[PDB]
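Here is how the chains run, residue by residue.
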Amino acid sequence: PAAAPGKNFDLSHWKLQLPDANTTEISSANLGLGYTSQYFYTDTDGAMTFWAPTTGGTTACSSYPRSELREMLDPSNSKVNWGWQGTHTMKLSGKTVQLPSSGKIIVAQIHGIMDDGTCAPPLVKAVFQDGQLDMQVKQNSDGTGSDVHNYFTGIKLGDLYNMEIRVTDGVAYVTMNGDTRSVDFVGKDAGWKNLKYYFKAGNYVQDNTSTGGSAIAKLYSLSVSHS
């Protein structure tokens, strides 16, 4: 077998969340030993790949199944996360190869978290459909209300894309393929100062129907920078 993704990529600052029955989480340490399964594997082109089925497990603060990386500043403490001040950036290149029957998955996020580690809302969701990418940014830190929608066209099922998600001083900057949009989330609602944040990338499958099928998403590069 080809080298597992945590041998190819530096995953020392991520944990992996799975769409198995008991929604399992593989620590950074285990990713580093070379964890691989039907959910997470190195494909023949080298890509780090998710398979998640729509009938998979979903946990307490998720309506849908995922095979997805969750950023761990401190591999042993998921309460260590970053905030609105300074600069925090994820860059990745990827492709979505298979969709569920909904035709929709999420391929990257910035998720909110409370200081005590409890559930908070998502801040940025990279919503992938064949030929429609919506980098949605939440407006209300309490989790009510609608998102600012940011639409990019022409990115097809199977196309390689380049993505950046940066937060600088409470402004979110969302970029597909050199097209950057921004949303001043901390200027829209000072409550965002009271929350912390971490990155996510992989396959969060927006379909939980019994007949939904499964989704495959790939990453060829993934890095996080905290200026």
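Calculation rules
- Residues carry numbers counted from 1 along their chain as the sequence is written. These may differ from the entry numbering, and residues without coordinates are not shown.
- Side-chain descriptors were evaluated using all non-hydrogen atoms of the structure, hydrogens and water having been removed beforehand.
- Where helices and strands are cited, they refer to DSSP runs of H or I of at least four residues and of E of at least two residues respectively, numbered from the N terminus.
- Radius of gyration means the value over C-alpha atoms here, while the globule rule gives 2.2 Å times the residue count to the 0.38 power.
- Exposed residues in this analysis have more than 50% of their type's maximum accessible area, buried residues have under 20%, and partly exposed residues fall in between, with area computed by a 1.4 Å probe over protein chains only.
- Residue contacts are defined here by distance: any two heavy atoms, one from each residue, within 4.5 Å place the two residues in contact.
- Accessible surface is estimated by sampling points in the Shrake-Rupley manner with a 1.4 Å probe; for residues, cover comes only from the protein chains shown.
- Only four residue types enter the tally: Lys and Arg on the positive side, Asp and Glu on the negative side, with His and both chain ends excluded.
- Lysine's charge is taken at NZ, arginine's at CZ, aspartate's at CG and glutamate's at CD.
- UniProt positions are given in the numbering used here, feature names are shortened, and annotations may be inferred rather than shown by experiment.
- Aromatic rings from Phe, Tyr and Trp, taking only the six-membered ring of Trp, are treated as a pair when their centres fall within 6.5 Å; an angle between ring planes under 30 degrees marks them as stacked, one over 60 as edge-to-face, and anything in between as tilted.
- Charges are assigned to positions over rings by a cutoff of 6 Å between ring centre and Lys NZ or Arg CZ, combined with an angular limit of 35 degrees from the ring normal.
- Count a disulfide wherever a pair of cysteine sulfur atoms falls within 2.5 Å.
- Think of a salt bridge as a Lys or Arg side-chain nitrogen and an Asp or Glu carboxyl oxygen that are within 4 Å of each other.
- Pairing between strands is defined by DSSP: at least two bridges between them are needed.
- Working convention: axes come from line fits to C-alpha atoms, limited for helices to the stretch in contact. Angles between N-to-C directions cover 0 to 180 degrees.

1. Thoughts on the overall build of the protein
In terms of helices and strands, the protein carries 3 helices and 16 strands. Since a compact globule built from 227 residues should have a radius of gyration of about 17 Å, the 16 Å found for the protein is in line with a globular shape. A principal-axis box enclosing the C-alpha atoms of the protein has dimensions of 50 × 40 × 35 Å. Counting every position in the protein, which comprises 227 residues, the buried fraction comes to 51%. Partitioning the contacts of the protein with sequence separation of at least 6, the portion at a separation of at least 24 is 66%. Summed over all atoms, the accessible surface of the protein reaches about 9500 Å², with 47% contributed by carbon and sulfur. Both charge centroids of the protein, one from 18 positive and one from 21 negative side chains, sit 1 Å from each other.

2. A word on the UniProt feature "domain: Alginate lyase" (unreviewed entry) in the protein
Under the UniProt annotation, "domain: Alginate lyase" (unreviewed entry) lies at residues 9-226. Note that residues 9-226 is 5% helix and 49% strand, and that its end C-alpha atoms are spaced 18 Å apart.

3. Considering the packing of aromatic side chains
In the structure shown here, the tally under the stated rule is 10 aromatic pairs. Centre to centre, the rings of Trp192 and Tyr197 are 6.3 Å apart; their planes meet at 40 degrees, and the pair counts as tilted. Accessibility assignment for this pair places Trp192 and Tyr197 in one class, buried. Stacked on the ring of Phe152, the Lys or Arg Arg181 has its end atom at 4.1 Å from the ring centre.

4. Details of the state of the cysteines
Counted under the stated rule, the structure contains 1 disulfide. With its sulfur 2.1 Å from that of its partner, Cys61 forms a disulfide with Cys119. Disulfide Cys61-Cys119: torsion about the S-S bond near -120 degrees, hence left-handed. Residue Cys61 is located in the loop between β4 (48-53) and β5 (66-71), and its partner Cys119 is located in strand β8 (residues 119-129); the two are separated by 58 residues in the primary sequence.

5. Considering the pattern of salt bridges
One pass over the full model with this rule turns up 7 salt bridges. Here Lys218 makes a salt bridge to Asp45, at a shortest N to O gap of 2.6 Å. Pair noted here: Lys218 is in strand β16 (residues 214-225) and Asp45 is in the loop between β3 (40-42) and β4, with a separation of 173 residues, a long-range link. On the accessibility criterion, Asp45 (40% relative accessible area) is partly exposed. Residues joined in a network through salt bridges with shared partners are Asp43, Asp45 and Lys218.

6. Some words on the sheet that holds β16
Overall, antiparallel pairing links the 7 strands, which are arranged β3-β4-β16-β6-β12-β13-β14 in an open sheet. Each edge of the sheet is formed by a strand with only one pairing partner; in this case those strands are β3 and β14 (179-183). Shown here is a sheet whose adjacent strand axes are inclined to one another by a mean of 25 degrees, direction ignored. Note: strand β6 (residues 87-98) against β16, 9 bridges, orientation antiparallel. By the bridge assignment for β16, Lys91 is matched with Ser223.

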